[PDB]
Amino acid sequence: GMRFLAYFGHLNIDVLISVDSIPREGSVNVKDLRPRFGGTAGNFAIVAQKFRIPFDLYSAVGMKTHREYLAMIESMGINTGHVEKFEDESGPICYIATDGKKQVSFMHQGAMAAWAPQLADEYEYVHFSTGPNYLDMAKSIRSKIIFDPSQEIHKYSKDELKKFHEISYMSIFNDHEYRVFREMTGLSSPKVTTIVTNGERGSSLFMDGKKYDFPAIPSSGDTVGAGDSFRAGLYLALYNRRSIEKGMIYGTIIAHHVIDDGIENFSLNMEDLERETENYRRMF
């Protein structure tokens, strides 16, 4: 039987290393050390799971570093059957040294660089975010493909970018990545329906040769994973067979609540979401 969504991304661990001053060379004392479990797949999964959106998470992790992350998401009821587990690898893991006035990130792909993804079953939607060899999978399947390259926009050639975009049902970018895309490809406007997020300011939808703007709801809190909350709202709409406008609004409202409340203490009933969505729609 055909499933709803296969979602491809990273289950990244950020090791946050807080120091007074990052030196040029030599040692410095770590004031605070803590991990943050995230990445493109992880942040989506955690929010999407809270809404009971069906999805098969596709990723690759190194068991030298990712045992606790796997245990956490599995405890939330998230199926890790399509997450490749490399016993003698570490990663994806990023060591982030910070003083406030500077930041240095040491990114170890590890397991994600070792992975040869294979699409198991047939899906209505396949979301390709960060990771290896996605265009080879994209080309061969008949699913509605969402192209979401994020920080990996630079690894694709001009023809790979135009190809992946043209075969996609929708492409998603942030403001910077859209400029890089247009520039790398030579496309002035999108060939397919395209979402361009713009952090605190909101997001835009390029569709039918027109640009529709979705202003952000004022928020105050942790913005880490706000894009993934937004994507979870989009899929909530798609799952319920709602309009893309509805999906943009759902994403906007959900991103806002997760920033303000935090995903742990965040609940939201569909009745509120729907009322808030029609209010938003009438106002703009």
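Just count from 1 along the sequence shown to find any residue number.
> Which has the higher mean CA temperature factor in the PDB entry, 204-212 or 98-106?
According to the entry, 98-106 carries the higher average C-alpha B-factor.
> If you average the Cα B factors in the entry, which is higher, 260-268 or 20-28?
Taking the mean C-alpha B-factor of 20-28 and of 260-268, the larger value falls to 260-268.
> Highest Cα temperature factor in the entry, among the options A232, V224, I217, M248: which one is it?
That would be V224.
> Per the PDB entry, which option out of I141, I172, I73, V83 has the greatest Cα B factor?
In this record, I141 carries the highest C-alpha B-factor of the candidates.
> Can you work out whether the C-alpha temperature factor of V196 puts it in the lowest, middle or highest third of the chain?
Within its chain, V196 is a lowest-third residue by C-alpha B-factor, going by the deposited values.
> When the deposited Cα B-factors of this chain's modelled residues are ordered and cut into thirds, is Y178 in the lowest, the middle or the highest one?
For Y178, whose C-alpha B-factor we compare with every modelled residue in the chain, the answer is the middle third.
> Determine, from the deposited record, the chain-internal third of the Cα B-factor for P92: lowest, middle or highest.
Its C-alpha B-factor belongs to the lowest third of this chain's values.
> According to the PDB entry, is the CA B factor of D136 in the bottom, middle or top third of its chain, that is, lowest, middle or highest?
Highest third - that is where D136 ends up once the chain's C-alpha B-factors are sorted.
> By the recorded C-alpha temperature factor, relative to the other modelled residues in its chain, which third is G186 in?
Ranked within chain, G186 CA B lands in the highest tercile.
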